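# Structural characterization, general
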Amino acid sequence: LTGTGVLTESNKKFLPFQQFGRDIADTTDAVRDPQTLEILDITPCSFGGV
Amino acid sequence: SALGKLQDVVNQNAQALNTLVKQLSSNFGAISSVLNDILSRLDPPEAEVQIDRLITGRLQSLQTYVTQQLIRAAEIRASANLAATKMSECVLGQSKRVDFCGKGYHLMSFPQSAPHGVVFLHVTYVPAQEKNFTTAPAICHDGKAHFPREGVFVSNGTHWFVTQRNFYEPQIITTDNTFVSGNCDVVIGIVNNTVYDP
Amino acid sequence: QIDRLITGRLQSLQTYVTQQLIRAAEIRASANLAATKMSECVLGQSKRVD
Amino acid sequence: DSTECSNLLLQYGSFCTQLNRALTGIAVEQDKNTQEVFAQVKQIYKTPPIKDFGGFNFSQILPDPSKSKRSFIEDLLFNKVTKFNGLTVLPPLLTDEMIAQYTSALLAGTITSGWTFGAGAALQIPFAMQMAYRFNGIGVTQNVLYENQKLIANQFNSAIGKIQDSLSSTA
Amino acid sequence: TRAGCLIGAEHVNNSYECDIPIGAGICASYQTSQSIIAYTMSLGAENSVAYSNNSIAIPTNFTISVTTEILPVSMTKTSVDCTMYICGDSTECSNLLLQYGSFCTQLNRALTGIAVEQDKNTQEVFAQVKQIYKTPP
Amino acid sequence: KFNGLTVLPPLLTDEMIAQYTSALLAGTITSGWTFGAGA
Ligand SMILES: *[C@@H]1O[C@H](CO)[C@@H](O)[C@H](O)[C@H]1NC(C)=O
């Protein structure tokens, strides 16, 4: 999977075989690093009105 | 289950947002629901067609969402005007519009806030337990008719009294509780009696 | 050819449903008015002119 | 009835669910409307058999058992008013007989108990005296009514008759 | 029934208040070992007021009820970025979309109209008092 | 909330709403209706 975000060390506990994490609206929010198995979050980088 | 109205508003908006978001994951007749994926796989000539399809689809979904919101906001503005009227006529004063401020005679009300809405406490007055009195529209004393000023003529079968309409509190029929008019001839159902005089 | 027919019929259906939504909002307005008029004008005597 | 068409349509998402939910919201709000307008009375009152109403004649609006237990003007009104593709037409929750029962209840309550039946328990009161109160509410003393009872009766009856004629004649 | 084909419910001759509406006057309910029954709902206990021409009924006591009434006043103020919604960060898409004109901008204007109408609603409902009174101790 | 789906905050916060309603209630209790016609 691809996409833009701000990867940060999380505290979620995946299962040994799972790879993604999704929200109630089915959007990717956490990814397991396929080299070193540390689970990162994904926060869409800030936008907003002026 | 009393707060169904507010809970319903919240649920309606949540479902609208969730449908809008989940429309992003549809193909609308294109290859893949992801843009970058087609941008890599296809060259500009065909990326143009795939994009144009995705744009048409997402734009239609967005317009549908905005129209739903417009209609629901018109309805909420109707209910807000109603709440403003009810607070101005029912708190800041005492009203005489039946059932506009809760079942019964209206005494006052108190407002209370609540998340996205207001909650009134209509203090009302309800008559409780009655008695079967015998009545008569007027009384004859000296050939002239006597009508009650503000009240009604009741009788427990033995005597006669004049009492206010909403709370049995009998009083002797003086020449002050009543006012005279005409004679015994014309009214229907009058009854002879003696109006005392102070 | 199908895809064209589907687009057409779907657009027509959405137009019909929007017409119905607006007309139902109007009828609900008139129904609230009738409820008010019955509660204030039958179940009691009113003093609101006309 | 085209599997290919359905499988193509599936690519557009939840449009069906959306439209169905909207039309179901409308279809329930209708019965909520009728419920709120009519079902305002707690019990089902009934007029007494005798008709001593100071000289007024309500036979043109009270029900008659000789049918659809509707009344005359309800009849005139019901007479003056005159599928293959999922187009279902649901039936209304409240049938016309139950509507007629609601309106007969409100009408008998208004005749026999004044306004009091809307504030709590219905308390009977002679109709002439009820009209006396109604008068005294608009700043006209009671003796005007008590002295003009028969004339008022005749005027009210004639007006009801004119209503019957207007409805029965023009639509 | 006059509504359709009911499957799995006994048909009673009685009449009770409507618990689950069906249509055409039929209402079903879970009652007594128990099961699901389908009756023709009743509208209330009939009652004949003892009317006469010279009998009046007067109350003697009263009760002070306190009823409650709940009203919604405002939605949630939502805003929708046109570009970042349809094709967030895809220049080809932005340049294609520019051909459709001001449709998105129009939608943005609509949603801001709603978002302001909300605060007008709450302001009008609550802010009716000029000062801020305080109860005595 | 991730795709321009911003949710603005309401101008009047719940504390100020509560203050409003406490004002109306104290007014009605201590002064009747007159506080809606003037002083
Ligand atoms: C009330 O009706 C009875 C029934 O016969 C009658 O005798 C009586 O005179 C009536 N009273 C009035 C005031 O009309």
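Deposited coordinates in this entry are attributed by the record to cryo-EM, at a stated resolution of 3.6 Å.

## A closer look at the nonpolar core
The nonpolar side chains of soluble globular proteins are, as a tendency, buried together. With 27 residues, the main nonpolar core has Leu20, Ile55, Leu62 and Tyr65 of chain B, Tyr12 of chain D together with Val80 and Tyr85 of chain E as its most contacted residues. Those elements giving two or more residues to this core turn out to be helix 1 (4-22) and helix 3 (44-90) of chain B, helix 1 (2-41) of chain C together with helix 1 (82-87), helix 2 (91-97) and helix 3 (103-126) of chain E. A total of seven residues in this core trace back to one element, the largest contributor, which is helix 3 of chain B. Residue contacts for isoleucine 55 of chain B: discarding those within four places in its chain leaves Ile86, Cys93, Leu96, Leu97 and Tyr100 of chain E.

## Thoughts on the interface of chain D and chain E
Listed per partner, the contact involves 20 residues of chain D and 22 residues of chain E. At the level of elements, strand 1 (44-46) and helix 4 (96-113) of chain D are the ones that each hand at least two residues to the side of chain D that touches chain E. Looking at which element gives the most residues to the side of chain D that touches chain E, the answer is helix 4 of chain D, with four residues. Partitioning the side of chain D that touches chain E into residue classes produces 13 nonpolar, four polar and three charged.

## Focus on the packing of helix 3 (residues 72-79) of chain D against helix 7 (residues 149-169) of chain D
Residues and elements named next belong to chain D. Packing of helix 3 against helix 7 leaves a shortest axis separation of 10 Å and a crossing angle of 15 degrees. Compared by their axis directions, helix 3 and helix 7 come out roughly parallel. Relative to helix 7, the crossing made by helix 3 is left-handed. Contacts between helix 3 and helix 7 pair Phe72, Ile73, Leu76 and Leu77 from the former with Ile163, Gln164, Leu167 and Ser168 from the latter.

## As for the arrangement of the chains
By number of contacts, the leading pair among the ten pairs of chains in contact is chains B and E. Left apart from each other, chain C and chain E have a closest C-alpha approach of 15 Å. Of all C-alpha pairs spanning chain D and chain F, none lies closer than 19 Å, and the two are not in contact.

## A word on the pairing of strand 1 (residues 105-114) of chain B
All names here are of chain B. Examined bridge by bridge, strand 1 and strand 2 (residues 117-127) share nine bridges and lie antiparallel to one another. Bridge pairing links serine 109 to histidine 122 in strand 2. Counting the residues between successive antiparallel strands, the hairpin from strand 1 to strand 2 contains two residues, one of them, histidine 116, with a positive phi of roughly 55 degrees.

## Remarks on the side chain of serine 71 of chain D
Residue and element names in this part refer to chain D. With respect to the secondary-structure elements, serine 71 resides in the loop between strand 1 and helix 3. Given a relative accessible area of 2%, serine 71 falls into the buried group. In terms of polar contacts, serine 71 uses its side chain to reach the backbone carbonyl oxygen of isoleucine 61, at 3.0 Å. A distance of 3.2 Å separates a polar atom in the side chain of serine 71 from the backbone oxygen of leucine 62.

## Considering the interface of chain E and chain B
Listed by partner, the interface residues are 45 residues for chain E and 68 residues for chain B. The pairing of strand 2 of chain B with strand 7 (residues 62-71) of chain E spans ten bridges and is classified as antiparallel. Within strand 7 of chain E, the residue paired with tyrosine 125 of chain B across the bridge is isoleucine 64 of chain E.

## Here's the deal with the UniProt feature "disulfide bond" in chain E
Residues and elements named next belong to chain E. A separation of 2.0 Å between the sulfurs of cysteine 18 and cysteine 27 falls under 2.5 Å, matching the UniProt disulfide annotation for this pair. Exposure remark for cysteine 18: the relative accessible area of 29% places this residue in the partly exposed category. Its relative accessible area of 0% is what places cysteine 27 among the buried residues.

## Structural notes on helix 1 of chain C
In this model, helix 1 of chain C (40 residues) spans 58 Å end to end at C-alpha, consistent with the 58 Å of a helix rising 1.5 Å per residue. Listed as buried for helix 1 of chain C are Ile6, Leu10, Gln14, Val17, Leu21, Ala24, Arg28, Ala31, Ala35, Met38, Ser39 and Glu40 of chain C. Residues of helix 1 of chain C that are buried in the fold lie against helix 3 of chain B together with helix 1 (3-9), helix 2 (15-38) and helix 4 of chain D.

## Remarks on the environment of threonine 19 of chain B
Here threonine 19 of chain B lies in helix 1. In this structure, the C-alpha to C-alpha distance between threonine 19 of chain B and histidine 159 of chain B, residues 140 residues apart in sequence, is 76 Å. Non-local contacts of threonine 19 of chain B, meaning those with residues more than four positions away in its chain, are made with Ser14 and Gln18 of chain D.

## Comments concerning the pairing of strand 3 (residues 26-31) of chain E
Residue and element names in this part refer to chain E. Sheet topology places strand 2 (residues 20-23) next to strand 3; three bridges connect them, and they run antiparallel. Its bridge partner lying in strand 3, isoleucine 20 is registered against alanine 28. Linking strand 2 back to strand 3 in an antiparallel pair, the connection comprises two residues, with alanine 24 at a positive phi of about 55 degrees. Note: strand 3 against strand 4 (residues 35-40), six bridges, orientation antiparallel. Following the sheet pairing, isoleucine 26 is matched in strand 4 by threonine 40.

## Here we look at the packing of aromatic side chains
What the rule picks out here adds up to 18 aromatic pairs over all chains. Considering the side-chain rings of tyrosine 105 of chain B and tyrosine 125 of chain B, the 6.3 Å spacing of their centres and the 20 degrees angle between planes classify their relative orientation as stacked. A residue pair is termed long-range when its members are at least 10 positions apart, and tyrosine 105 of chain B in strand 1 and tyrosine 125 of chain B in strand 2 qualify at 20 residues. A relative accessible area of 29% means that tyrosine 105 of chain B is categorised as partly exposed. On the basis of an interplanar angle of 80 degrees and a centroid distance of 5.9 Å, the ring pair of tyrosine 133 of chain E and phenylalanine 35 of chain F is categorised as edge-to-face. Of this pair, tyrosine 133 of chain E sits in the segment after helix 3 while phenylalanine 35 of chain F sits in the segment after helix 1 (14-31), on two different chains. Its guanidinium or amino end placed over the ring of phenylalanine 100 of chain B, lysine 86 of chain B lies 4.0 Å from that ring's centre, counting from NZ or CZ.

## A look at the state of the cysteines
Residues and elements named next belong to chain B. Taken as a whole, this structure holds three disulfides over all chains when the rule is applied. Shown here is the disulfide that connects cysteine 140 with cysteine 184, its sulfur atoms set 2.0 Å apart. Of this pair, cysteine 140 sits in strand 4 (residues 139-140) while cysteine 184 sits in the loop between strand 8 (178-181) and strand 9 (191-192), and the two are 44 residues apart along the sequence. The partly exposed category is assigned to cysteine 184, whose relative accessible area is 25%.

## A short note on the sheet that holds strand 7 of chain E
Strand order in the open sheet formed by three strands is 1(B)-2(B)-7(E), with antiparallel pairing between adjacent strands. The sheet terminates laterally at strand 1 of chain B together with strand 7 of chain E, the two strands that pair on one side only. Ignoring strand direction, the axes of neighbouring strands in this sheet form an average angle of 20 degrees.

Reading the values: rules and limits
- Residues numbered from 1 in each chain as written, not as in the entry; some residues may be left out.
- Chains lettered and ligands numbered in written order.
- Part of a larger assembly, values for the part shown.
- Heavy atoms only, no water.
- Residues with missing side-chain atoms left out of burial classes, pairs and counts.
- Core = buried A, V, L, I, M, F, W, Y, C linked by side-chain atoms within 4.5 Å.
- Buried < 20%, exposed > 50% of the residue type's maximum accessible area, 1.4 Å probe, protein only.
- Helix = DSSP H or I, 4+ residues; strand = E, 2+ residues; numbered from the N terminus.
- Contact = heavy atoms within 4.5 Å.
- Nonpolar A, V, L, I, M, F, W, Y, C, P; charged D, E, K, R; others polar.
- Axes fitted to C-alpha atoms, helices over the stretch in contact; angles between N-to-C directions.
- Parallel < 35°, antiparallel > 145°, perpendicular 65-115°, else oblique.
- Left-handed = near helix turned anticlockwise from the far one by under 90°.
- Pairing = 2+ DSSP bridges.
- Polar contact = N/O pair within 3.5 Å; in protein donor to acceptor, adjacent residues only side chain to side chain.
- Disulfide = S-S within 2.5 Å.
- UniProt positions renumbered as here; feature names shortened; annotations may be inferred.
- Expected span 1.5 Å × (residues − 1).
- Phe/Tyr/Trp six-rings, centres within 6.5 Å; stacked < 30°, edge-to-face > 60°.
- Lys NZ or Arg CZ within 6 Å of the ring centre and 35° of its normal.

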